[PDB]
Every structure is written in structure tokens, then in C-alpha cells.
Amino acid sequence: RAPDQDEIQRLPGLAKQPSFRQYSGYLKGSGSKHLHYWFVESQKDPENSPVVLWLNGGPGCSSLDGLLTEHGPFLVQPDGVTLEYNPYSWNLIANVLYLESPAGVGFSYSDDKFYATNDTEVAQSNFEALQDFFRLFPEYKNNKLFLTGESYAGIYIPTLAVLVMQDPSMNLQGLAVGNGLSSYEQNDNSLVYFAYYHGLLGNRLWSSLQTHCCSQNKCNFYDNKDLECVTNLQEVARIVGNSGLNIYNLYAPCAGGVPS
């Protein structure tokens, strides 16, 4: 019915025992890949609550960040010892499956230690891991399945969803992507506009960008071959991600301070 080998009995740093069941073990991916998962059952009616897969981006970043710092049932405090219950946890209404993917990420590993991978391989490996989850948790096969993620998971989730949609046994109901990479072109073009209208670039850099990267009403800040355009976009890249501004939250401080 459930892998009793994987069930977490007592988690350090928690002052109170969870009302819900939680599991930590390995799902079998492609080849010799063993993907570490941390599954947190719903706090309200787990048997009828949806199954939600959560993937963090990178590529190479852990989905355990999503649990302990974002929307997990408990959050790590600055001491790195204490865990405090999250009143806005996504597991209040859902069975949340946090998957460290691809192999090599966090506690995930492969028997050959070969961690060189690609978009198509990760989608197939995540699909095999999802098939393995339903083998270990058969009581969740008929439950509503939602595929969720962040950042690079904007690629992970839709590629995985195309493979899941071909499997009739999986009750796929939807997908949610947070601040995701959907298109490199759209992201790069919009960022230059975002940086100017948020007061990070001046009128001098903007006028030079509008003259050397744009034609009539349309702009190309993605694959432009123009000489000054590449130079100006490199200055934007230096201001946005290398000047001391927090690229993840413009109005938040940069941890560790402004670089030398």
C-alpha cells in the first residue's frame, strides 16, 4: 500500500509531531538513476486530495529548497537547526511530491556517477520516476495529478506533461509553472524592457539600445548580430546580474553585500 521503509518517523528540529504522514526515499529514473524524493501527504483528507509534483530549476538545483524555504509543511529557521510549521503550506490541501532531479542533484545519484544529461533525458527519467512513485504508492493512482515547478522547470514540466498525457493510467489534471523559462527569446527581450522601466538603465544606454537593437516598432535583444547591440546588451547583463542587484527580487538586499 505504501513504502514503510521510506516513512519518516521523527524529523530533527521539529517541536511538534506532524498530523500527516511523510516519506523520504528513492524513485527509479532512467538507466541507473536513483532520484531522491520527499513526499508530504495532505493535512486534510490525503486519500481524496490531489497529488502534486514539485520541481525546482537550475538546471541542477534541489526541490528540497521548495520544501524547506518556499511552500513546504515546515520551514528552516536562520539557526539551520529549528523547523517551524508553515500556515501557508501547499500540503494543507494536497499530497506534495518534492523530487530532487536530475541525478546528482542534492541526495539524488546514479550507480555510474555519470551526471551529463539533457532536456529529453530528464523528461523521460522524471516520467519513469513518476511511474515508480505510483508503484510504491498504489493508493494514489486514481488521484488528480498536477505537475508543478519553478524557473528552469518551465522546460521540465511541459516536456514531462507531454509524456504523462500519453499514459492513460496517470490522472493528469493540470500544470502550474512559477517564474518559468518558457521562451529564451521572450525572456531576453522583456528583461531589457524590464531593466529600463525599473530604473536600472539610463536614457543614454536605452537610446543606444533602441537605435542599435531595434527596427521601427519591434526590438531584438535576443539573437541580434549588430556590433554595438552585443556591447550594449553586455552592459545590461553587467548591471542586472553582476552589479550587486538581487536578480531574484529587485527590491530585496543582495545576501553577502555588493561585490568588490
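Sequential numbering from 1, following the sequence displayed.
- In this crystal structure, the stretch out of 193 to 201 and 229 to 237 whose C-alpha atoms carry the higher mean B factor is 229 to 237.
- Just going by the entry, 80 to 88 versus 93 to 101 on mean CA temperature factor gives the higher value to 80 to 88.
- Of the residues listed, 73, 168, 106, 149, the entry assigns the biggest Cα temperature factor to 168.
- Taking the PDB entry at face value, the top CA B factor among 42, 210, 69, 62 belongs to 210.
- Ranked against the other modelled residues of its chain, the C-alpha B-factor of residue 252 as given in the entry falls in the middle third.
- The PDB entry assigns residue 112 a C-alpha temperature factor belonging to the highest third of its chain's modelled residues.
- In the PDB entry, a CA B factor belonging to the lowest third of its chain's modelled residues is recorded for residue 52.
- Ranked within its chain, residue 246 lands in the lowest third, by CA B factor from the PDB record.
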